[PDB]
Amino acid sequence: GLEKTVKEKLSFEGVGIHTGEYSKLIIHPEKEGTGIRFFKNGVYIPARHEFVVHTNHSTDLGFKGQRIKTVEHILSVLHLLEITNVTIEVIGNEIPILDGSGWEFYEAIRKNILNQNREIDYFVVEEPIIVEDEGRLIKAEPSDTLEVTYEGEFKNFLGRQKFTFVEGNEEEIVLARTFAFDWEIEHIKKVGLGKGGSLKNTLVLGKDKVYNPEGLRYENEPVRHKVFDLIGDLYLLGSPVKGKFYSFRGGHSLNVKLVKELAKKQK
């Protein structure tokens, strides 16, 4: 496909899930070859794995003392829409969580795409690879299309679930919200995270119950969301990705480990 930017500036704002602070974004059009980058306090932070500074409960980037938490959801939307050149100006410390999914970003950006004049140089997975960390595993192999499977093993009523995204099915993952388990939330808050979490932006689950009155958007909403997260983390390769991926219990740390290994192999 063609490289793409946005036709005009687009703004989003709201609380961040981990900081609990209110932040604002402005997405700026950029010319071919710019890439995806964030901008904060005069500093450009490329959306690339070299700038990752944190991977526990979110993927965060930093450069020159300027940090932005929770980049994975906006990056996933940009990856899915193949937006390749933009600057995400951040006023604040975190990307807004909005409803917990990619939906608001996706709907606004998709109606505001500007095609550009050269084609995308995709990051094409060249050979099989596997990364592992204590029972968790992610595998990648060559594919002409982006295909991403996540398999979860939940210690509540959900049990085992799996879900596969393929190109053309973006609408199946951009509404899946972030989630949390009631028995884990105290620790998450104790370690300085989750300050903005609520039933308005998070699917909160117990051993045998759902806290949100509206319930789940899909019976497998959590694994759809984990696929969505992985697609955002994969964009830290710096180009839209072609490959077939399978994650068993992976999270941001393992996702970024895979990205760094792929980048090293194909440098």
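Numbering starts at 1 and runs along the sequence shown. The term rigid core refers to the most C-alpha atoms you can superpose between the two forms while keeping them within 1.5 Å.
Student: Looking at C-alpha RMS in 6 other deposited structures of this protein with the core superposed, is it 180-188 or 75-83 that drifts more?
Tutor: Higher root mean square deviation of C-alphas in 6 other deposited structures of this protein is shown by 180-188.
Student: Which is higher on mean Cα B factor in this entry, 127-135 or 88-96?
Tutor: Between 88-96 and 127-135, it is 127-135.
Student: Could you check which stretch, 37-45 or 228-236, carries the larger mean CA temperature factor in the entry?
Tutor: For C-alpha atoms only, the mean B-factor is higher in 37-45.
Student: At the C-alpha atoms, which of 178, 76, 149, 169 reaches the highest B-factor in this entry?
Tutor: Across 178, 76, 149, 169, the entry lists the biggest C-alpha B-factor for 169.
Student: C-alpha B factor of residue 51, ranked within the chain: lowest, middle or highest third?
Tutor: Lowest third of the chain for residue 51's C-alpha B-factor.
Student: Looking at the entry's B-factor column for C-alpha atoms only, identify whether residue 259 ranks in the lowest, middle or highest third of its chain.
Tutor: For residue 259, whose C-alpha B-factor we compare with every modelled residue in the chain, the answer is the lowest third.
Student: Report the third (lowest, middle or highest) to which the CA temperature factor of residue 60 belongs, ranking only the modelled residues of the same chain.
Tutor: Ranked within chain, residue 60 CA B lands in the lowest tercile.
Student: Can you tell me whether residue 210 has a C-alpha B-factor in the lowest, middle or highest third compared with the other modelled residues of the same chain?
Tutor: As the PDB entry reports it, the C-alpha B-factor of residue 210 lands in the highest third of its chain.
Student: Comparing against every modelled residue in the chain, figure out the third that the C-alpha B-factor of residue 247 lands in (lowest, middle or highest).
Tutor: Within its chain, residue 247 is a lowest-third residue by C-alpha B-factor, going by the deposited values.
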